[PDB]
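Below is one structure, written out as structure tokens; the observations come after it.
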Number of protein chains: 2
Amino acid sequence: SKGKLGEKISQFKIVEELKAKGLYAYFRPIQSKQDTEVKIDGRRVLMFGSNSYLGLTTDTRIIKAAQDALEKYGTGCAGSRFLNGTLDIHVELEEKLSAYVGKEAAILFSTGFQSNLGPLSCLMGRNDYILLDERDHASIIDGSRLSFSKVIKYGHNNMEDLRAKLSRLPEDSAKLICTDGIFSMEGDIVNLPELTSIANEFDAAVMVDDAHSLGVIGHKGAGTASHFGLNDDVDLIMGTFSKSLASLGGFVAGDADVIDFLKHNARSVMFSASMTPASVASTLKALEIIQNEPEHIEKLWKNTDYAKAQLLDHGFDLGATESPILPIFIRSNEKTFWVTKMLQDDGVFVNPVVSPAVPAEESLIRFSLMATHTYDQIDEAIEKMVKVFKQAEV
Amino acid sequence: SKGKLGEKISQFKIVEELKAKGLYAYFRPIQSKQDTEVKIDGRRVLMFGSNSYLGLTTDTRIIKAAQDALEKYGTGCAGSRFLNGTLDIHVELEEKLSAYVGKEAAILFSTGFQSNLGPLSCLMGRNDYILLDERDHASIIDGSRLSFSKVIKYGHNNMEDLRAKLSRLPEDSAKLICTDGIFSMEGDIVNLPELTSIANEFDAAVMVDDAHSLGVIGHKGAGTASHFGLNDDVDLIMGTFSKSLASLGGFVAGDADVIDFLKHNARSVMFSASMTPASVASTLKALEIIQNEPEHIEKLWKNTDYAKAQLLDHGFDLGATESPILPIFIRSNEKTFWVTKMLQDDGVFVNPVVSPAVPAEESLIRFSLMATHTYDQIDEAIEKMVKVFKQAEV
Ligand SMILES: Cc1ncc(COP(=O)(O)O)c(/C=N/C(CO)(CO)CO)c1O
Ligand SMILES: Cc1ncc(COP(=O)(O)O)c(/C=N/C(CO)(CO)CO)c1O
């Protein structure tokens, strides 16, 4: 019955308003591969709004690997990993990720989002504590919520705040600190040396979410612990397959005894169907390519350094990024919607960040690089961004 | 740091014990397609532990559709649906599911589990209430937990308990009832006529989880509302693609204004990468086949009726199922582990249900039918199950 439910959604008018103003640019239907150019409504659009950092969703070897897995294993496993849903190729990918991130063992999840729900929901319990960076990814907040522990946020990369909040807690309790490695909104990196130094003093477990770090930072792209040399001070390395690795799914890696607890206790792996064979095979082949072919990570960083230099040279106001995510400040929700739509209609795809996710005065567009971007494409997009910023008067 | 984390997992000894006794049969690595026979450790094993009710993960048209989508769209969308992750084929599948279940609109999620997290986390809020059947799927409990509402369980299919608990609640609050359509453990069907009659009296929203109903009950397999004629008394129809539809992902369907709220407010769609092209194309082609080819659902039910008759004729003690899920009672955790392992080693795959998921005295094995099963295969499995039940002394 719909009376009260109608009242619950009645106040949500922003989508109605965007559409009526001709500004709506969410759920843009793409008709082509995710690439440096995408087809929308039969037109070509430069893509600077992707998380495919290495451009690998179009790699013919990864496509063929997925196509070959479909031929061999079919379209799905039709069950959870713990029952009828495990393949030899799931185990092969867990061994290969374990090796890549320098951990004993790993467990796959069918999404990155579910990869965070697993360890955050089931390791800390009643009388325990989870400490979260206040800018942690939504999946980390939600995972923590599914625990029976007390969830405490600390100031973004604020090590004094972390230390103070940990010092307040009963000695006779377990604590786990979970942080994004690279934070997607502003593209900044966790202070993992100070965080792990505090974790060690309070015997708190450390989990890092490397969704935006894998294939971006660390040796051969192995992530944030690898970037800092701190493998031995990080208990759990969580990753996704939906960004550099050009697929769908994720993993948590760590000590064999912890991973064995997780694979048997995490509801998001016990009660959700396993990764499709095609996604396992595309993840396996992408992981081989990132290691074997250092070109991809090098070119991603050539493009990032070029684009960032060009944007600062044109007088754009950039967020404190340390990654291929280049946040461009606009500081008006209405201009941010207008700029996004004008760029879309001129053939540039960027992602807006607006209220209520951020305060109006910190509203921005995110311009993300891929390894397969050319300097010609970056130049065309920045030229159009200068024109649209001028028309929008920012 | 690992001191307190080591203590948290220290008491979890059942996996150690199963493995040392030679009884461990979780995460069995399959080397072949999910089919009526699977290859494990180079051997052939009859599969009666799957959720692929229509046998469609091996259908060459669905494999080719997925392979063709990989060729056209590549291995992944590399973003959330609301940003850079929407394809024309996602929208096509939402229109086609909307039509199938007789609703205005639908929104896809990259897993079934995330399909429940979406509406349960974001429609009811502070001062609102969610009413859950106590046997609801884990993803429904977890979704409800992510809400800011008061979550209340009612007795399994206990309409007096539902009615009493709803009658206790402030009039000036929104309420949503969420139920599995077919409950997977025992295979029983919700009393949707009485539940919707109560919902209508209290103006409570109704959401049904049809994970195990789609492709099983209702007209052309359209689910539980369709089974009862009650489309107009169900606000939200949730489904998965990981069972009959032979893929990965899920959806919520309902009124265009509700679905528009969801697609813009549910964290499990805003903050998780979209379904891979291969999974969209395999879901689209499976949905065409289930409707166009009534054979599949007919044969699933021929097999279910045959197997259930044969099991009752052999004196097995069956759960109160109304579905292709045939729960066989064992009523000892140790015998349930032993029976499962002995059957595995004799070439029969069944799923055990043990403590702490159920009380020891209700421990059982779940024997699930697929349309592609033969009577010869069902006979071989039941023959082996009689022998193993005799050896195990149950
Ligand atoms: C009622 C219901 N609702 C939602 C889900 C979650 O769907 P999925 O994530 O596609 O596995 C399941 C998953 N079910 C299992 C097999 O039964 C694990 O419980 C995994 O697919 C379910 O049974
Ligand atoms: C730090 C972090 N952690 C976990 C996730 C969830 O991973 P996935 O489910 O694969 O999208 C994301 C997803 N990120 C987006 C694009 O940034 C949406 O937030 C979707 O892939 C993430 O950024």
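Residue numbering restarts at 1 for every chain of the structure tokens, chains are lettered A, B, ... in their displayed order, and ligands are numbered from 1 as they appear.
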Within 7 Å of ligand 2, which residues of chain B show up? Give each one with its shortest atom-to-atom distance in Å (one decimal) and the two atoms involved, counting only C-alpha atoms and all ligand atoms, rows by chain then rising residue number, as CSV.
```
residue,atom,partner,partner_atom_place_in_ligand_line,distance
B:78,CA,ligand 2,21 (O),6.2
B:79,CA,ligand 2,21 (O),4.4
B:80,CA,ligand 2,20 (C),4.6
B:270,CA,ligand 2,18 (C),6.4
B:271,CA,ligand 2,18 (C),3.7
B:272,CA,ligand 2,11 (O),3.3
B:273,CA,ligand 2,11 (O),3.6
```
Using only C-alpha atoms and all ligand atoms, which protein or nucleic acid residues are at most 6 Å from ligand 1, as a PyMOL selection string?
(chain A and resi 79-80+271-273) or (chain B and resi 111-113+137+139+180+184+209+211+240-242+248-249)
Quick one: write out the picked residues with C-alpha atoms as a short mmCIF file (atom, residue, chain, number, x, y, z; two decimals), in the first residue's frame?
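As a result, result01.cif now contains:
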```cif
data_model
loop_
_atom_site.label_atom_id
_atom_site.label_comp_id
_atom_site.auth_asym_id
_atom_site.auth_seq_id
_atom_site.Cartn_x
_atom_site.Cartn_y
_atom_site.Cartn_z
CA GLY A 79 25.37 -20.30 -6.03
CA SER A 80 27.49 -18.95 -3.18
CA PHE A 271 24.62 -15.44 1.03
CA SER A 272 25.56 -13.97 -2.43
CA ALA A 273 26.29 -15.80 -5.74
CA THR B 111 24.06 -8.41 -7.29
CA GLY B 112 20.83 -9.75 -5.86
CA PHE B 113 22.23 -9.07 -2.37
CA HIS B 137 17.04 -13.90 3.54
CA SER B 139 20.39 -9.75 2.50
CA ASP B 180 10.91 -13.74 0.60
CA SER B 184 15.07 -20.92 0.16
CA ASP B 209 12.02 -10.96 -2.73
CA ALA B 211 15.05 -14.69 -5.94
CA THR B 240 18.00 -11.77 -8.74
CA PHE B 241 19.67 -12.95 -12.02
CA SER B 242 21.88 -15.61 -10.27
CA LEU B 248 24.67 -12.23 -11.88
CA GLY B 249 22.82 -9.12 -10.66
#
```
Using only C-alpha atoms, pick whichever of A:101, A:364, A:120, A:15 has the shortest atom-to-atom distance to residue A:215.
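Going through A:101, A:364, A:120, A:15 one by one, the smallest distance to residue A:215 is for A:101.
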Within 6 Å of chain B, which residues of chain A are there when counting only C-alpha atoms? Please give them as a ChimeraX atom specification.
/A:1-2,4,26-27,29-34,51-52,57-58,67,73-78,81-83,86-88,113,174,200,203-205,242-243,246-247,272
Which one of A:320, A:192, A:166, A:280 sits closest to residue A:207 if you count only C-alpha atoms?
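Between A:320, A:192, A:166, A:280, the residue approaching residue A:207 most closely is A:192.
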DSSP helix (DSSP H, G or I) residues within stretch 172-225 of chain A, as a ChimeraX atom specification:
/A:192-202,219-221,224-225
How many Å separate atom CA of residue A:343 from atom CA of residue A:135?
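Separation of atom CA of residue A:343 and atom CA of residue A:135: 27.7 Å.
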Which residues are close to stretch 291-293 of chain A, i.e. within 10 Å by only C-alpha atoms, leaving aside same-chain residues fewer than 3 positions away? Reply as a VMD selection string.
chain A and resid 100 215 219 to 222 286 to 288 296 to 298
Work out how far apart atom CA of residue A:358 and atom CA of residue A:330 are and give it in Å to one decimal.
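Separating atom CA of residue A:358 from atom CA of residue A:330 is a distance of 11.8 Å.
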I want to know what sits within 10 Å of residue B:194, based on only C-alpha atoms, with residues of the same chain fewer than 6 positions away left out; could you give that as an MDAnalysis selection string?
chainID B and resid 157:160 162:163 200
Take atom CA of residue B:223 and atom CA of residue B:130 and report the distance between them in Å, one decimal.
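Between atom CA of residue B:223 and atom CA of residue B:130 the gap is 22.3 Å.
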